[PDB]
There are 2 protein chains.
Amino acid sequence: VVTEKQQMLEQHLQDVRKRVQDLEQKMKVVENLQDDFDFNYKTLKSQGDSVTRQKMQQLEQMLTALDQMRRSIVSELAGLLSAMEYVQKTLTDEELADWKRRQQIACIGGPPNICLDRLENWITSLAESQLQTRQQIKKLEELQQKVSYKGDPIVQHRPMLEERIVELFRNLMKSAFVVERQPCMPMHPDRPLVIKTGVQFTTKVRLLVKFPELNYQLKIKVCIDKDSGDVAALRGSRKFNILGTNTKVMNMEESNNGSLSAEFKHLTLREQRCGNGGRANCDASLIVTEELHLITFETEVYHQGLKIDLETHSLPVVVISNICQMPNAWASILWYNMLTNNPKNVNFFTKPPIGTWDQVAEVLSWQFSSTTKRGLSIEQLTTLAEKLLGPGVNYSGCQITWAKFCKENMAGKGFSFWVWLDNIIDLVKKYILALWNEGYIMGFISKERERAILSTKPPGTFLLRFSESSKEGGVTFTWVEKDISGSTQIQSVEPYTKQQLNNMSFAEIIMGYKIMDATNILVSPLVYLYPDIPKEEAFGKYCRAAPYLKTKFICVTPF
Amino acid sequence: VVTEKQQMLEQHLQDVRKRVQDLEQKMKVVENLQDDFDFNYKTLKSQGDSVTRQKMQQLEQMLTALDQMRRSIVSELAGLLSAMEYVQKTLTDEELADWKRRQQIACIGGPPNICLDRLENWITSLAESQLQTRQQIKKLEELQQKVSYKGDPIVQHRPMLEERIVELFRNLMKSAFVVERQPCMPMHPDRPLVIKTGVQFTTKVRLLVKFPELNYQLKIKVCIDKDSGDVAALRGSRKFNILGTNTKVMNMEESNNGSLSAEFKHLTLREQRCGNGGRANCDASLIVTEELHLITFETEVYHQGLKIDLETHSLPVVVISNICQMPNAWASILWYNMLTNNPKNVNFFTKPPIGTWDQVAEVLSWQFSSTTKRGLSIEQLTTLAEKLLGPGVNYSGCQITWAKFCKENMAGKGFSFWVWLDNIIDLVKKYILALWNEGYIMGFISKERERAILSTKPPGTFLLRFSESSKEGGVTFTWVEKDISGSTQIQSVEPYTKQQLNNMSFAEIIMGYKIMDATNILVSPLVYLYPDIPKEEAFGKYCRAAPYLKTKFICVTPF
DNA sequence: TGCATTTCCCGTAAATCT
DNA sequence: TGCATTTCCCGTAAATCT
């Protein structure tokens, strides 16, 4: 929906249109007058060998009128130029920049609407206004070539009018060239900005100035690690090359608005082996999953007498060689986009900024509502804000470092926070996908707060959560049955590794698991998911000459 | 061990050595005599301006003696040449050819000893004998340049002596260039002659003439589909190129004998895309797994004034693009090597020859004693000779077509004989490897002959065999428990797909599987593997603040 | 050496050829 | 169309770099 500021921009853009139209009218009038004066001047010489000299008076009066129209025109153009100069800034440095920011957020799973139609409509409108304005200025020039005098306002102001309009257009064209769709592997739609060597990836650029005359006219060339893989920047980085179709003609294909776009599919990266530089120097100058690269797009436009060089680039990209590097790669992308709006800080991880728990907790939620049906409840969130910060109340402004989030392992484990969570999110797909679904799982709750269940709810009531001390990821639950039941001693079962969920689904385990107490007594799974919901309404849904004895496996704990 | 024929060849080779040595002696003598005659002749002219003319008599008598030695020499050389010509044939067309045949057999899992040391020793001996013989012939030539007369036996016979010796050597060099190790992917050691595009493969050539002078002198170039991927041969075939290090210098590296060899590692195939020809025409002119190619090796040798071009090639190779094509590819390799000794019949599958059950049953056994500890007992074999030929007694000379073996599916199934068996052999590795082992499994036995167990042996006695009606492969057993036991109604359980053996091993199932009869009655697995061996002696060997309830799964049939 | 990182490649699934 | 065949590429394991 349209904000107030966007209402205003739209209004200004129409005011600009109107002034251009008023000027056009004024040019038509001044030119007809100039034609009339030109004709009368000649007719008067056809006899310059009766009191027929009010014509001389007519001739002088027309001339005076022309001068006045010319001053008026030149004065209005200057005014229009200044207005354009003010508004173009609102358009490019504010609205478009807000769009660039929201693209960052959308990449990391945030609230989308990275729609370019409005911007394209604004940008195109202004561009049309500017070209028509340039043509008026050019007309003033040809009018002067036919009729001029001492003090002619066209001779004194036109050059500056040209310069200003060329500068506005030249700059609007450059801002209008953007990356509509960041480098991403079709196999990992939720993981843009992470490229694996050898695997195909696509990316798309757009030119927000919707000029049909330019259809199929521009050739866009893409490359990675342009020039900066030399001097006056980072050092020790791996360097890469793009394989596949390197260039692409921009066109208004695929219908939808008929926007000028250029899409590159089947692109591939390969490491550029050989050469030298250094490579070492303190922690090898950034681990591979913290090194950042830029994919650059370039072309040139020749239009109505002008040559304009256009260049744009993707957001920093992490390049990996194997998929096992994806989790850390993603953490770098999360962190970068979560905390900076700088679109080309390739050195970002030299000294990474610190985040607040607020910003990190939002990001973590998105990572769930991406791959799945829904995010994270505070019951899951807060009891994870603890995992990183232990005891405490209200984490609002609590700082979280890159080290704490991903670069280093958690307090007493051999793996990092993010990698552990990424493994959950993974697992909660390949298996238990459907089962995670809407709200059937607690997932993140400390044994202490986990005690506040059977300790307050009736025997049978269970709760669902993840393996908190395993790298690859696992899932479990709660129940009370053993010995003589002192005061209901809460229990859990050894985590099921990915392989363990290939045999039976988690809700198949919940709805089909007894307990072999002592001997022969094979009791049962416990009723009522946490509040008071009997297991069935929630889990009973994801369940399902001759012969040979048809079979099915079950585990069931044997003490 | 040395056959009688090999004893003889060795003997002939030594006779050849001896004659060369006797000739050398004879050359030494004739040359000293020629020196003496030459000297005396001059001494006699130093006075040809006392009865000092018995010297003239001495001079003539020396000359006569020289002529006689020369006739004798020329006569013995001709004789040696003929002997060499006879023996070289025994060496190249018989012993070496037998070695080429045994290489075929070894490739398809047969009885090895494809050892080249003997051949190399024979070949090298003959080569040395021939070069020394060539040098004598050359010496006769220089002797003639100094002393000649009318009827000189050197002038009349030498040219033919040269021609014959050059021909023998030139041909021995060519036969001596062989493929010691056929194209094979290191990842599939039991599958030589089957190459997958993109995957590395190695191959090695040897030059059986062990001349140290040639160390590091020859450059061997390898290629695939040489010239024949043009005219006067097959048509519609895919064409390929070799990627990686295309050439390799031959040397006496890796110690062992110091044989001249050249090994190519990290070779890769890629389809040569584009062009034309036809491609279609009747069944697309051979399915991809029946198309055959040749990897050719070439080099040239310049030695002691001779230029000799050497060329050799691998056995026909099948080129696949995906591993799922391996089973059919292998069947083509089996069939080819089982039934022909032609080393370059690329059209073989145009009209494939027919095999006898004997030859096929041997081959099938090897395929087991390759990947595993041991082959196939007739109890398994014969009851598989039936699967292909049904009812019958003594299959000795029963014909088996390519269609029946692999090209077409079995009678009432959607898959072929060989592909089914290859899947067993596979399965009997990834899982049940250890378990297949020596003699614990029947594996192949028709329900009819399978009845001759509990129908003669006491309740409990079980038998082990494979899923006869599943493409991917499976395993099962026998036992009697259900209803009220009419007369012990033999039973089996639904086959366990590859995934089903990832949870519990087959012998873990045998030693840990009860039967849930009616309700709560969970009986047990049956004792005594087929004869009278209690399950345990055979299968019991492959079996094996806090906390969390440690777990293990079991299936057990629930009627 | 052990670590960080890349390469190798099967096997499943999707794409392409015919 | 459905079939034959190749390409894509994850993920496990081995190789290489440092």
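Note that these values count all heavy atoms, side chains included, but never hydrogens, waters or copies made by symmetry. Throughout, a chain's letter reflects where its sequence line sits, starting with A, and its residues are numbered from 1.
- Rounded to the nearest 0.5 angstrom, B:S332 OG and B:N337 CG are separated by 10.5 Å.
- Classification of the A:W335-A:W402 ring pair by plane angle, with boundaries at 30° and 60°, yields tilted.
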Secondary-structure string, 5' to 3', Watson-Crick or G-U under 3.5 Å, | for another-strand partners, for DNA chain D: ...||||.|.|.||||..

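- Using the six-membered ring where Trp is involved, A:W418 and A:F405 have ring planes that are tilted, between 30° and 60° apart.
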If the sugar-phosphate is the primed atoms plus P, OP1 and OP2 and the base is the rest, what is the B/S/- string for nucleotides 3-11 of chain C, using protein heavy atoms under 4.0 Å? --SBBBSBB

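- Salt bridge B:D230/B:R235: absent, no basic N to carboxylate O contact under 4.0 Å.
- With respect to A:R238 and A:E291, a salt bridge is recorded, a charged nitrogen being found less than 4.0 Å from a carboxylate O.
- Atom CG in B:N281 sits about 13 Å away from atom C1' in C:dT18, given to the nearest Å.
- Among all heavy-atom pairs drawn from B:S467 and B:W420, the shortest one is O-NE1, 2.9 Å.
- A salt bridge is absent between B:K239 and B:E271; no separation between the charged side-chain nitrogens and carboxylate oxygens falls under 4.0 Å.
- The neighbour count for B:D283 CG, taken as heavy atoms of other residues, nucleotides or ligands under 6.0 Å away, is above 12.
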